[PDB]
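To start, the structure itself, in structure tokens.
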Amino acid sequence: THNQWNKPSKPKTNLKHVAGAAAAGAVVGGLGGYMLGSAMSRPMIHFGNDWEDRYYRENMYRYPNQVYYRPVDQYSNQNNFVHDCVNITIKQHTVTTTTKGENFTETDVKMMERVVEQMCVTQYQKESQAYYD
Amino acid sequence: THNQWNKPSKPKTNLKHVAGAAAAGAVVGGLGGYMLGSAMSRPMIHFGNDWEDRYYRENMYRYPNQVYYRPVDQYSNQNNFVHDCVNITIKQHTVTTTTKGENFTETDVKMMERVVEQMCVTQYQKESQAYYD
Amino acid sequence: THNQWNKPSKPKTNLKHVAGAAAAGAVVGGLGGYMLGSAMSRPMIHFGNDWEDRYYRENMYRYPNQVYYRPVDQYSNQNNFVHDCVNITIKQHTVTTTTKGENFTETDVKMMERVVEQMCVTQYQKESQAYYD
Amino acid sequence: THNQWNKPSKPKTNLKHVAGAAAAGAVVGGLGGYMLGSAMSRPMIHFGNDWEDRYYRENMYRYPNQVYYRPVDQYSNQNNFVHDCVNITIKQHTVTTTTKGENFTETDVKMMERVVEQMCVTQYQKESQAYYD
Amino acid sequence: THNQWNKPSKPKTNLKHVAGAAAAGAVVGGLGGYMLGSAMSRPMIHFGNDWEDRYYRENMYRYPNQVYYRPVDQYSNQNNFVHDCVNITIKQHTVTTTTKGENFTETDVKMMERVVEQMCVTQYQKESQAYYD
């Protein structure tokens, strides 16, 4: 005689990133093995009734994380790498100028004058030489 | 005699990224193995009644993550890489200018003058030489 | 005698990205293996009654993630890569200018003057030489 | 004697991306293996009654993710890559100018003057040389 | 004696992208294997009663994801690639100009003057040379 009663009430299970081998990153450079590994986990969750007898569940399991990293020649030369710019502003708030007078002679008013040339990146590669064999 | 009763009430199961080997990233450079791994997990979830006997579930499992990384020649030369620009603004809020007078002589008013030349990227590659064999 | 009762109530199962090997990324560069892996997972979910006997479920499973990365020659030279621009604005809000007078002589008013030349990308490739064998 | 009762109530199952090997990404560069993997998962979901006996379900399964990456020669030279532009605006809101007077002589008013030359991309490839064998 | 009762109530099953190997992406460059993998999954869903005995379901399954990537020669030279433009506007809202007077002499009013030359793409390929063997 075997009786199994299962009455869960509002089982709320949330799983965002369980065993996902996800590579979410910016690679601006290079010559690099990114996320060479895998995901071989067993996030077991048990909540109900169980009953087992005279069995053979698992045996001779083999999960070797064998990584062979043998880069022979790798060259990264004369490189200019820039990743991010964030919130680069130039503000002139409430710029008030009053030039009053009588029988005067205004000559030159330049409220701005070449205030900025470059803001984020001015990457230059001038007369750069590289030799190999 | 075997009896199995199963009465779940509102089982809310949410699964966003369980075992998805997802490569979601920007690769501005190169010569790099991106997301070479896989996903071989077993996110087991059990909530109901179970009953087993005299069985042979699993055996001789083999999950070796064997990665062979052998890049022979890799060259990244004379490179200018830029990834992101975010919120690059130049603001002139409430610019008030009053030029009053009587029998005067205004000559030159330049409220702006070549304020910016470049903002994000001015990538130049001038007279760059590379030699190989 | 075997009895199995199954009365689930409002089973809400949501699955967005379970085991999908999805490559969702921007590759502006190159010469890189993107998302070389696969998805071989078993996200098992059990909620009902189970009953098994004298069986042979799985055996001799082989899931080796064997990745062979052997790039012989890879060249990335004289490259100018730019990925993103976001919200690049130049604003002139509430620009008020009053030029009053009597028997005066206005000569030159230039409220703008070549304020910007380039904004996002000015990628130049001038007199760049590359030699190979 | 075997009895199986199955009375689910409002089973709402939602599945957006289960095991779809979907490559959804922009490849502006090149010479790169994009989404070389597959999808061979078993997202098993069980909710009803089960009853099995004296069977042979699975055996001798072989799911090796064997990827052979052997690019011999790959060249990416003298390249100018740009991906995205977003919300590039130049605004002049509420530009009010009053030029009053009596017996005056206005000469030149230029409220705009070549404010921008290029906005997103000015990709130039001038006198670029490449030699191979 | 075998009895099977099946009375589901409002089974709402939604499946958007289950196991579809769909390649939905823009390839502006080239020389790249896009979505070389397949979809060989088994998203099994069970909700009804089951009863089996003395069977042989599956055996000797072989699902190797064997990908052979052997590009011999690949050249991408002197390329200018641009992907997207989004919301590139130039606005002049509420531009009010009052030029009043008595016995005056207006000479030149140019409310606009060659404000923009190019907006999105000015891809130039001038005097670019390439040699091969």
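Ordered as shown in the structure tokens, chains take letters A, B, and onward, while each chain numbers its residues from 1 and ligands are numbered from 1 in the order shown.
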
Could you give me, as a PDB file with N, CA, C and O atoms, in the first residue's frame, each residue of chain E that DSSP assigns to strand (DSSP E or B) when run on this structure's backbone?
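Output below, filename result-v6.pdb:
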ATOM      1  N   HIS E   2      -8.474  -1.188 -17.679  1.00  0.00           N
ATOM      2  CA  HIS E   2      -7.769   0.079 -17.799  1.00  0.00           C
ATOM      3  C   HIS E   2      -8.780   1.193 -18.023  1.00  0.00           C
ATOM      4  O   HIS E   2      -9.645   1.082 -18.898  1.00  0.00           O
ATOM      5  N   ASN E   3      -8.671   2.256 -17.234  1.00  0.00           N
ATOM      6  CA  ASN E   3      -9.541   3.419 -17.347  1.00  0.00           C
ATOM      7  C   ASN E   3      -8.683   4.665 -17.504  1.00  0.00           C
ATOM      8  O   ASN E   3      -7.720   4.857 -16.755  1.00  0.00           O
ATOM      9  N   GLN E   4      -9.031   5.504 -18.477  1.00  0.00           N
ATOM     10  CA  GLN E   4      -8.306   6.740 -18.745  1.00  0.00           C
ATOM     11  C   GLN E   4      -9.304   7.881 -18.842  1.00  0.00           C
ATOM     12  O   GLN E   4     -10.155   7.891 -19.737  1.00  0.00           O
ATOM     13  N   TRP E   5      -9.199   8.839 -17.926  1.00  0.00           N
ATOM     14  CA  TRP E   5     -10.074  10.002 -17.889  1.00  0.00           C
ATOM     15  C   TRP E   5      -9.265  11.243 -18.236  1.00  0.00           C
ATOM     16  O   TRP E   5      -8.230  11.506 -17.616  1.00  0.00           O
ATOM     17  N   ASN E   6      -9.738  12.001 -19.222  1.00  0.00           N
ATOM     18  CA  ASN E   6      -9.048  13.198 -19.697  1.00  0.00           C
ATOM     19  C   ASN E   6     -10.072  14.311 -19.862  1.00  0.00           C
ATOM     20  O   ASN E   6     -10.868  14.291 -20.806  1.00  0.00           O
ATOM     21  N   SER E   9      -9.443  21.696 -19.025  1.00  0.00           N
ATOM     22  CA  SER E   9     -10.325  22.859 -19.025  1.00  0.00           C
ATOM     23  C   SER E   9      -9.524  24.080 -19.456  1.00  0.00           C
ATOM     24  O   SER E   9      -8.618  24.517 -18.738  1.00  0.00           O
ATOM     25  N   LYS E  12      -4.583  26.773 -22.644  1.00  0.00           N
ATOM     26  CA  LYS E  12      -4.069  27.833 -23.504  1.00  0.00           C
ATOM     27  C   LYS E  12      -2.564  27.643 -23.657  1.00  0.00           C
ATOM     28  O   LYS E  12      -1.799  27.929 -22.731  1.00  0.00           O
ATOM     29  N   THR E  13      -2.145  27.163 -24.823  1.00  0.00           N
ATOM     30  CA  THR E  13      -0.739  26.922 -25.119  1.00  0.00           C
ATOM     31  C   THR E  13      -0.279  27.928 -26.165  1.00  0.00           C
ATOM     32  O   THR E  13      -0.835  27.981 -27.268  1.00  0.00           O
ATOM     33  N   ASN E  14       0.733  28.719 -25.820  1.00  0.00           N
ATOM     34  CA  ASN E  14       1.300  29.718 -26.715  1.00  0.00           C
ATOM     35  C   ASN E  14       2.752  29.366 -26.995  1.00  0.00           C
ATOM     36  O   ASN E  14       3.518  29.090 -26.065  1.00  0.00           O
ATOM     37  N   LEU E  15       3.126  29.378 -28.272  1.00  0.00           N
ATOM     38  CA  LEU E  15       4.475  29.012 -28.695  1.00  0.00           C
ATOM     39  C   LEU E  15       4.892  29.963 -29.809  1.00  0.00           C
ATOM     40  O   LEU E  15       4.391  29.859 -30.932  1.00  0.00           O
ATOM     41  N   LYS E  16       5.804  30.885 -29.501  1.00  0.00           N
ATOM     42  CA  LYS E  16       6.216  31.898 -30.469  1.00  0.00           C
ATOM     43  C   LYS E  16       7.392  31.423 -31.319  1.00  0.00           C
ATOM     44  O   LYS E  16       7.286  31.345 -32.546  1.00  0.00           O
ATOM     45  N   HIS E  17       8.519  31.105 -30.682  1.00  0.00           N
ATOM     46  CA  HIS E  17       9.697  30.592 -31.383  1.00  0.00           C
ATOM     47  C   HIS E  17      10.193  29.385 -30.593  1.00  0.00           C
ATOM     48  O   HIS E  17      10.893  29.541 -29.589  1.00  0.00           O
ATOM     49  N   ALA E  23      17.597  32.863 -38.974  1.00  0.00           N
ATOM     50  CA  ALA E  23      18.660  33.856 -39.105  1.00  0.00           C
ATOM     51  C   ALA E  23      18.016  35.173 -39.519  1.00  0.00           C
ATOM     52  O   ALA E  23      17.689  35.375 -40.691  1.00  0.00           O
ATOM     53  N   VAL E  27      23.615  41.696 -42.548  1.00  0.00           N
ATOM     54  CA  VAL E  27      25.022  41.435 -42.821  1.00  0.00           C
ATOM     55  C   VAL E  27      25.479  42.475 -43.835  1.00  0.00           C
ATOM     56  O   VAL E  27      25.351  42.278 -45.049  1.00  0.00           O
ATOM     57  N   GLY E  30      30.798  40.865 -45.026  1.00  0.00           N
ATOM     58  CA  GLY E  30      30.758  39.631 -45.785  1.00  0.00           C
ATOM     59  C   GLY E  30      31.903  38.714 -45.434  1.00  0.00           C
ATOM     60  O   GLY E  30      32.654  38.965 -44.487  1.00  0.00           O
ATOM     61  N   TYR E  34      27.230  32.842 -41.779  1.00  0.00           N
ATOM     62  CA  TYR E  34      26.167  33.310 -40.901  1.00  0.00           C
ATOM     63  C   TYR E  34      25.166  32.190 -40.651  1.00  0.00           C
ATOM     64  O   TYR E  34      24.570  31.662 -41.595  1.00  0.00           O
ATOM     65  N   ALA E  39      18.752  23.273 -35.935  1.00  0.00           N
ATOM     66  CA  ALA E  39      17.931  23.101 -34.741  1.00  0.00           C
ATOM     67  C   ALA E  39      17.421  21.667 -34.718  1.00  0.00           C
ATOM     68  O   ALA E  39      16.622  21.274 -35.575  1.00  0.00           O
ATOM     69  N   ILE E  45       6.392  18.357 -24.406  1.00  0.00           N
ATOM     70  CA  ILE E  45       5.420  18.798 -23.413  1.00  0.00           C
ATOM     71  C   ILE E  45       4.351  17.720 -23.302  1.00  0.00           C
ATOM     72  O   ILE E  45       3.751  17.333 -24.311  1.00  0.00           O
ATOM     73  N   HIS E  46       4.114  17.239 -22.086  1.00  0.00           N
ATOM     74  CA  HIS E  46       3.124  16.203 -21.828  1.00  0.00           C
ATOM     75  C   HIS E  46       2.138  16.699 -20.783  1.00  0.00           C
ATOM     76  O   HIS E  46       2.542  17.234 -19.746  1.00  0.00           O
ATOM     77  N   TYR E  56      10.512  -0.382 -26.685  1.00  0.00           N
ATOM     78  CA  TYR E  56      11.875   0.009 -27.054  1.00  0.00           C
ATOM     79  C   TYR E  56      11.755   1.366 -27.747  1.00  0.00           C
ATOM     80  O   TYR E  56      11.572   1.436 -28.965  1.00  0.00           O
ATOM     81  N   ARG E  62      22.308   9.584 -32.684  1.00  0.00           N
ATOM     82  CA  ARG E  62      23.557  10.260 -33.017  1.00  0.00           C
ATOM     83  C   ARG E  62      23.221  11.654 -33.529  1.00  0.00           C
ATOM     84  O   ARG E  62      22.677  11.799 -34.628  1.00  0.00           O
ATOM     85  N   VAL E  67      30.958  20.871 -37.338  1.00  0.00           N
ATOM     86  CA  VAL E  67      31.141  22.040 -38.190  1.00  0.00           C
ATOM     87  C   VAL E  67      32.606  22.102 -38.595  1.00  0.00           C
ATOM     88  O   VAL E  67      33.496  22.114 -37.737  1.00  0.00           O
ATOM     89  N   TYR E  68      32.856  22.136 -39.902  1.00  0.00           N
ATOM     90  CA  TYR E  68      34.203  22.206 -40.454  1.00  0.00           C
ATOM     91  C   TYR E  68      34.375  23.572 -41.109  1.00  0.00           C
ATOM     92  O   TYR E  68      33.821  23.827 -42.183  1.00  0.00           O
ATOM     93  N   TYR E  69      35.144  24.443 -40.464  1.00  0.00           N
ATOM     94  CA  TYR E  69      35.370  25.810 -40.926  1.00  0.00           C
ATOM     95  C   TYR E  69      36.787  25.894 -41.483  1.00  0.00           C
ATOM     96  O   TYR E  69      37.755  25.997 -40.724  1.00  0.00           O
ATOM     97  N   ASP E  73      41.420  31.430 -48.468  1.00  0.00           N
ATOM     98  CA  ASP E  73      41.804  32.820 -48.678  1.00  0.00           C
ATOM     99  C   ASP E  73      40.572  33.702 -48.564  1.00  0.00           C
ATOM    100  O   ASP E  73      39.551  33.435 -49.207  1.00  0.00           O
ATOM    101  N   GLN E  74      40.672  34.754 -47.753  1.00  0.00           N
ATOM    102  CA  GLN E  74      39.575  35.694 -47.550  1.00  0.00           C
ATOM    103  C   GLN E  74      40.158  37.094 -47.445  1.00  0.00           C
ATOM    104  O   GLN E  74      40.985  37.356 -46.567  1.00  0.00           O
ATOM    105  N   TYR E  75      39.729  37.986 -48.334  1.00  0.00           N
ATOM    106  CA  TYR E  75      40.255  39.343 -48.396  1.00  0.00           C
ATOM    107  C   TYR E  75      39.109  40.340 -48.326  1.00  0.00           C
ATOM    108  O   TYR E  75      38.142  40.236 -49.086  1.00  0.00           O
ATOM    109  N   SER E  76      39.226  41.305 -47.416  1.00  0.00           N
ATOM    110  CA  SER E  76      38.270  42.406 -47.294  1.00  0.00           C
ATOM    111  C   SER E  76      39.092  43.683 -47.160  1.00  0.00           C
ATOM    112  O   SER E  76      39.588  43.996 -46.074  1.00  0.00           O
ATOM    113  N   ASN E  77      39.236  44.413 -48.263  1.00  0.00           N
ATOM    114  CA  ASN E  77      40.158  45.533 -48.338  1.00  0.00           C
ATOM    115  C   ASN E  77      39.448  46.780 -48.841  1.00  0.00           C
ATOM    116  O   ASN E  77      38.539  46.705 -49.673  1.00  0.00           O
ATOM    117  N   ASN E  80      34.298  50.677 -46.936  1.00  0.00           N
ATOM    118  CA  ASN E  80      33.649  51.680 -46.097  1.00  0.00           C
ATOM    119  C   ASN E  80      32.208  51.241 -45.877  1.00  0.00           C
ATOM    120  O   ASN E  80      31.376  51.355 -46.783  1.00  0.00           O
ATOM    121  N   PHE E  81      31.910  50.740 -44.680  1.00  0.00           N
ATOM    122  CA  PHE E  81      30.600  50.184 -44.365  1.00  0.00           C
ATOM    123  C   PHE E  81      29.909  51.050 -43.321  1.00  0.00           C
ATOM    124  O   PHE E  81      30.506  51.390 -42.294  1.00  0.00           O
ATOM    125  N   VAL E  82      28.654  51.403 -43.590  1.00  0.00           N
ATOM    126  CA  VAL E  82      27.811  52.153 -42.664  1.00  0.00           C
ATOM    127  C   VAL E  82      26.476  51.428 -42.576  1.00  0.00           C
ATOM    128  O   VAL E  82      25.916  51.030 -43.605  1.00  0.00           O
ATOM    129  N   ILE E  88      17.799  62.024 -37.664  1.00  0.00           N
ATOM    130  CA  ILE E  88      18.739  63.109 -37.923  1.00  0.00           C
ATOM    131  C   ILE E  88      17.920  64.302 -38.395  1.00  0.00           C
ATOM    132  O   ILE E  88      17.490  64.358 -39.552  1.00  0.00           O
ATOM    133  N   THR E  89      17.703  65.265 -37.503  1.00  0.00           N
ATOM    134  CA  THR E  89      16.868  66.419 -37.797  1.00  0.00           C
ATOM    135  C   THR E  89      17.627  67.708 -37.522  1.00  0.00           C
ATOM    136  O   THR E  89      18.508  67.761 -36.663  1.00  0.00           O
ATOM    137  N   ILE E  90      17.275  68.746 -38.275  1.00  0.00           N
ATOM    138  CA  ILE E  90      17.727  70.109 -38.025  1.00  0.00           C
ATOM    139  C   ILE E  90      16.485  70.984 -37.962  1.00  0.00           C
ATOM    140  O   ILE E  90      15.779  71.136 -38.965  1.00  0.00           O
ATOM    141  N   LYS E  91      16.217  71.556 -36.792  1.00  0.00           N
ATOM    142  CA  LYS E  91      14.978  72.274 -36.538  1.00  0.00           C
ATOM    143  C   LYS E  91      15.262  73.744 -36.268  1.00  0.00           C
ATOM    144  O   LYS E  91      16.277  74.091 -35.656  1.00  0.00           O
ATOM    145  N   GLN E  92      14.357  74.603 -36.736  1.00  0.00           N
ATOM    146  CA  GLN E  92      14.381  76.036 -36.448  1.00  0.00           C
ATOM    147  C   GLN E  92      12.957  76.428 -36.071  1.00  0.00           C
ATOM    148  O   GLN E  92      12.162  76.824 -36.928  1.00  0.00           O
ATOM    149  N   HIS E  93      12.638  76.318 -34.786  1.00  0.00           N
ATOM    150  CA  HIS E  93      11.287  76.534 -34.289  1.00  0.00           C
ATOM    151  C   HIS E  93      11.145  77.960 -33.774  1.00  0.00           C
ATOM    152  O   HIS E  93      11.986  78.432 -33.002  1.00  0.00           O
ATOM    153  N   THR E  94      10.081  78.638 -34.208  1.00  0.00           N
ATOM    154  CA  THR E  94       9.749  79.991 -33.762  1.00  0.00           C
ATOM    155  C   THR E  94      10.913  80.954 -34.008  1.00  0.00           C
ATOM    156  O   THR E  94      11.498  81.522 -33.083  1.00  0.00           O
ATOM    157  N   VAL E  95      11.246  81.121 -35.284  1.00  0.00           N
ATOM    158  CA  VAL E  95      12.291  82.043 -35.711  1.00  0.00           C
ATOM    159  C   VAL E  95      11.600  83.349 -36.085  1.00  0.00           C
ATOM    160  O   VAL E  95      11.045  83.484 -37.178  1.00  0.00           O
ATOM    161  N   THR E  96      11.636  84.315 -35.173  1.00  0.00           N
ATOM    162  CA  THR E  96      10.992  85.607 -35.362  1.00  0.00           C
ATOM    163  C   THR E  96      12.056  86.680 -35.544  1.00  0.00           C
ATOM    164  O   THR E  96      13.009  86.753 -34.762  1.00  0.00           O
ATOM    165  N   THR E  97      11.890  87.507 -36.574  1.00  0.00           N
ATOM    166  CA  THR E  97      12.834  88.580 -36.875  1.00  0.00           C
ATOM    167  C   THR E  97      12.039  89.808 -37.292  1.00  0.00           C
ATOM    168  O   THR E  97      11.274  89.757 -38.259  1.00  0.00           O
ATOM    169  N   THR E  98      12.216  90.906 -36.563  1.00  0.00           N
ATOM    170  CA  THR E  98      11.563  92.172 -36.866  1.00  0.00           C
ATOM    171  C   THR E  98      12.628  93.191 -37.248  1.00  0.00           C
ATOM    172  O   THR E  98      13.520  93.491 -36.447  1.00  0.00           O
ATOM    173  N   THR E  99      12.534  93.718 -38.466  1.00  0.00           N
ATOM    174  CA  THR E  99      13.456  94.732 -38.973  1.00  0.00           C
ATOM    175  C   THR E  99      12.630  95.962 -39.333  1.00  0.00           C
ATOM    176  O   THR E  99      12.209  96.130 -40.479  1.00  0.00           O
ATOM    177  N   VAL E 109      20.089  90.237 -45.800  1.00  0.00           N
ATOM    178  CA  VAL E 109      19.584  89.365 -44.748  1.00  0.00           C
ATOM    179  C   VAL E 109      19.522  87.952 -45.309  1.00  0.00           C
ATOM    180  O   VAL E 109      18.780  87.692 -46.263  1.00  0.00           O
ATOM    181  N   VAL E 121      25.917  59.918 -44.953  1.00  0.00           N
ATOM    182  CA  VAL E 121      27.045  59.196 -45.527  1.00  0.00           C
ATOM    183  C   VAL E 121      27.669  60.041 -46.625  1.00  0.00           C
ATOM    184  O   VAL E 121      26.965  60.534 -47.514  1.00  0.00           O
ATOM    185  N   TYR E 124      33.669  58.218 -49.666  1.00  0.00           N
ATOM    186  CA  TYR E 124      34.531  58.526 -50.796  1.00  0.00           C
ATOM    187  C   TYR E 124      35.558  57.420 -50.971  1.00  0.00           C
ATOM    188  O   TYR E 124      36.094  56.895 -49.992  1.00  0.00           O
ATOM    189  N   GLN E 125      35.826  57.068 -52.227  1.00  0.00           N
ATOM    190  CA  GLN E 125      36.839  56.076 -52.584  1.00  0.00           C
ATOM    191  C   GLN E 125      37.675  56.701 -53.695  1.00  0.00           C
ATOM    192  O   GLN E 125      37.390  56.513 -54.881  1.00  0.00           O
ATOM    193  N   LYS E 126      38.709  57.444 -53.308  1.00  0.00           N
ATOM    194  CA  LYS E 126      39.490  58.255 -54.234  1.00  0.00           C
ATOM    195  C   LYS E 126      40.899  57.689 -54.348  1.00  0.00           C
ATOM    196  O   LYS E 126      41.609  57.577 -53.344  1.00  0.00           O
ATOM    197  N   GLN E 129      44.157  51.998 -54.539  1.00  0.00           N
ATOM    198  CA  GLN E 129      44.781  50.971 -55.361  1.00  0.00           C
ATOM    199  C   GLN E 129      44.881  49.668 -54.583  1.00  0.00           C
ATOM    200  O   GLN E 129      45.124  49.672 -53.372  1.00  0.00           O
ATOM    201  N   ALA E 130      44.692  48.554 -55.288  1.00  0.00           N
ATOM    202  CA  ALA E 130      44.812  47.226 -54.702  1.00  0.00           C
ATOM    203  C   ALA E 130      45.461  46.298 -55.714  1.00  0.00           C
ATOM    204  O   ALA E 130      45.088  46.302 -56.891  1.00  0.00           O
TER     205      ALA E 130
END

Could you list, as a PyMOL selection string, every residue within 12 Å of residue 25 in chain D, counting only C-alpha atoms and ignoring same-chain residues fewer than 3 positions away? (chain B and resi 22-27) or (chain C and resi 22-28+34-35) or (chain D and resi 22+28-29+34-35+83) or (chain E and resi 22-28+34-35)

Mind writing the picked residues with N, CA, C and O atoms as a tab-separated table (two decimals), in the first residue's frame?
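File written: selection34.tsv
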chain	number	residue	atom	x	y	z
B	22	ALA	N	23.94	31.92	-24.86
B	22	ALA	CA	23.66	33.08	-25.69
B	22	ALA	C	24.85	34.03	-25.65
B	22	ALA	O	25.28	34.45	-24.58
B	23	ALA	N	25.36	34.37	-26.83
B	23	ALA	CA	26.45	35.34	-26.97
B	23	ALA	C	25.84	36.66	-27.40
B	23	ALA	O	25.53	36.86	-28.58
B	24	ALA	N	25.68	37.58	-26.45
B	24	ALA	CA	25.10	38.89	-26.70
B	24	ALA	C	26.12	39.95	-26.28
B	24	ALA	O	26.07	40.47	-25.17
B	25	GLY	N	27.03	40.27	-27.19
B	25	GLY	CA	28.06	41.25	-26.91
B	25	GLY	C	28.62	41.83	-28.19
B	25	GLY	O	28.58	41.19	-29.25
B	26	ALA	N	29.13	43.04	-28.08
B	26	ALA	CA	29.70	43.75	-29.23
B	26	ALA	C	31.19	43.46	-29.33
B	26	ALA	O	31.93	43.65	-28.36
B	27	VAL	N	31.62	43.00	-30.50
B	27	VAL	CA	33.02	42.70	-30.76
B	27	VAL	C	33.51	43.71	-31.79
B	27	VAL	O	33.38	43.51	-33.00
C	22	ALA	N	21.40	31.42	-28.91
C	22	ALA	CA	21.12	32.58	-29.73
C	22	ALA	C	22.29	33.55	-29.69
C	22	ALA	O	22.72	33.96	-28.62
C	23	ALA	N	22.80	33.90	-30.87
C	23	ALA	CA	23.88	34.87	-31.01
C	23	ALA	C	23.26	36.19	-31.44
C	23	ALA	O	22.94	36.39	-32.61
C	24	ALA	N	23.09	37.10	-30.48
C	24	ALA	CA	22.50	38.41	-30.72
C	24	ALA	C	23.51	39.47	-30.30
C	24	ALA	O	23.46	39.99	-29.18
C	25	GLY	N	24.42	39.81	-31.21
C	25	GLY	CA	25.44	40.80	-30.92
C	25	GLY	C	25.99	41.38	-32.20
C	25	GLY	O	25.96	40.75	-33.26
C	26	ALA	N	26.50	42.61	-32.09
C	26	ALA	CA	27.05	43.32	-33.23
C	26	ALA	C	28.55	43.04	-33.34
C	26	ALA	O	29.29	43.24	-32.37
C	27	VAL	N	28.98	42.59	-34.51
C	27	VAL	CA	30.38	42.31	-34.78
C	27	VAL	C	30.86	43.33	-35.80
C	27	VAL	O	30.73	43.12	-37.01
C	28	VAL	N	31.42	44.44	-35.31
C	28	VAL	CA	31.97	45.47	-36.19
C	28	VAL	C	33.35	45.09	-36.70
C	28	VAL	O	33.71	45.48	-37.82
C	34	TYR	N	32.44	33.69	-33.65
C	34	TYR	CA	31.38	34.18	-32.78
C	34	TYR	C	30.36	33.08	-32.52
C	34	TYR	O	29.76	32.55	-33.47
C	35	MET	N	30.17	32.74	-31.25
C	35	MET	CA	29.18	31.76	-30.82
C	35	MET	C	29.41	30.42	-31.52
C	35	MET	O	28.59	29.94	-32.31
D	22	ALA	N	18.83	30.88	-32.93
D	22	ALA	CA	18.53	32.04	-33.76
D	22	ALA	C	19.70	33.01	-33.72
D	22	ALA	O	20.13	33.43	-32.64
D	28	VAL	N	28.73	44.01	-39.29
D	28	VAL	CA	29.27	45.04	-40.17
D	28	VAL	C	30.66	44.69	-40.69
D	28	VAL	O	31.02	45.08	-41.80
D	29	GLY	N	31.44	43.93	-39.92
D	29	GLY	CA	32.74	43.48	-40.39
D	29	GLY	C	32.63	42.22	-41.22
D	29	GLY	O	31.77	42.13	-42.10
D	34	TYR	N	29.85	33.26	-37.69
D	34	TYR	CA	28.79	33.74	-36.81
D	34	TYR	C	27.77	32.63	-36.56
D	34	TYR	O	27.17	32.10	-37.50
D	35	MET	N	27.59	32.29	-35.28
D	35	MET	CA	26.61	31.29	-34.86
D	35	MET	C	26.85	29.95	-35.57
D	35	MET	O	26.03	29.47	-36.35
D	83	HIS	N	28.74	51.68	-37.34
D	83	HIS	CA	27.52	50.91	-37.15
D	83	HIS	C	26.27	51.79	-37.06
D	83	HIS	O	25.39	51.71	-37.91
E	22	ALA	N	16.24	30.35	-37.03
E	22	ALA	CA	15.93	31.51	-37.84
E	22	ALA	C	17.09	32.49	-37.80
E	22	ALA	O	17.52	32.91	-36.72
E	23	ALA	N	17.60	32.86	-38.97
E	23	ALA	CA	18.66	33.86	-39.10
E	23	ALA	C	18.02	35.17	-39.52
E	23	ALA	O	17.69	35.38	-40.69
E	24	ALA	N	17.83	36.07	-38.55
E	24	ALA	CA	17.22	37.37	-38.79
E	24	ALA	C	18.21	38.45	-38.36
E	24	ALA	O	18.15	38.95	-37.23
E	25	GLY	N	19.12	38.80	-39.26
E	25	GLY	CA	20.12	39.81	-38.97
E	25	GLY	C	20.65	40.41	-40.24
E	25	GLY	O	20.63	39.79	-41.31
E	26	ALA	N	21.14	41.65	-40.12
E	26	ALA	CA	21.68	42.37	-41.26
E	26	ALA	C	23.18	42.13	-41.37
E	26	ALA	O	23.92	42.33	-40.41
E	27	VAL	N	23.62	41.70	-42.55
E	27	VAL	CA	25.02	41.43	-42.82
E	27	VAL	C	25.48	42.47	-43.84
E	27	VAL	O	25.35	42.28	-45.05
E	28	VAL	N	26.02	43.59	-43.34
E	28	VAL	CA	26.55	44.63	-44.21
E	28	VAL	C	27.94	44.29	-44.73
E	28	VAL	O	28.29	44.70	-45.85
E	34	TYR	N	27.23	32.84	-41.78
E	34	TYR	CA	26.17	33.31	-40.90
E	34	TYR	C	25.17	32.19	-40.65
E	34	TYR	O	24.57	31.66	-41.59
E	35	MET	N	24.98	31.84	-39.38
E	35	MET	CA	24.01	30.83	-38.96
E	35	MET	C	24.26	29.50	-39.67
E	35	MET	O	23.45	29.01	-40.46

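Reported to one decimal place, the separation of CA of residue 108 in chain A from CA of residue 112 in chain C is 15.2 Å.
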
Given only C-alpha atoms as the basis, pick out the residue of D:85, D:36, D:115, D:44 nearest to residue 65 in chain E. D:36

Non-local contacts of residue 78 in chain B (6 Å; only C-alpha atoms; under 6 positions in same chain excluded) as number ranges by chain: A: 78-79; C: 77-78

Please dump the current selection as a PDB file, in the first residue's frame; keep C-alpha atoms.
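The file below, selection26.pdb, is the result:
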ATOM      1  CA  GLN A  78      50.419  50.328 -32.753  1.00  0.00           C
ATOM      2  CA  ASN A  79      46.828  50.174 -31.503  1.00  0.00           C
TER       3      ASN A  79
ATOM      4  CA  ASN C  77      45.599  46.096 -40.290  1.00  0.00           C
ATOM      5  CA  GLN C  78      44.962  49.816 -40.793  1.00  0.00           C
TER       6      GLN C  78
END

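Picture a line from CA of residue 103 in chain E to CA of residue 110 in chain B; it runs 26.4 Å.
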
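Between CA of residue 102 in chain A and CA of residue 101 in chain B the interatomic distance comes to 5.1 Å.
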
Which residues, written as a PyMOL selection string, have at least one atom at most 6 Å from residue 64 in chain B, with only C-alpha atoms counted and residues fewer than 3 positions away on the same chain left out? (chain A and resi 63-65) or (chain C and resi 64)

Once you have the residues from the selection above, write them out as a short mmCIF file (atom, residue, chain, number, x, y, z; two decimals), in the first residue's frame, restricted to C-alpha atoms.
data_model
loop_
_atom_site.label_atom_id
_atom_site.label_comp_id
_atom_site.auth_asym_id
_atom_site.auth_seq_id
_atom_site.Cartn_x
_atom_site.Cartn_y
_atom_site.Cartn_z
CA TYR A 63 33.01 16.00 -16.53
CA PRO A 64 36.62 17.17 -16.97
CA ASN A 65 36.98 20.84 -17.92
CA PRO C 64 31.77 16.29 -25.27
#
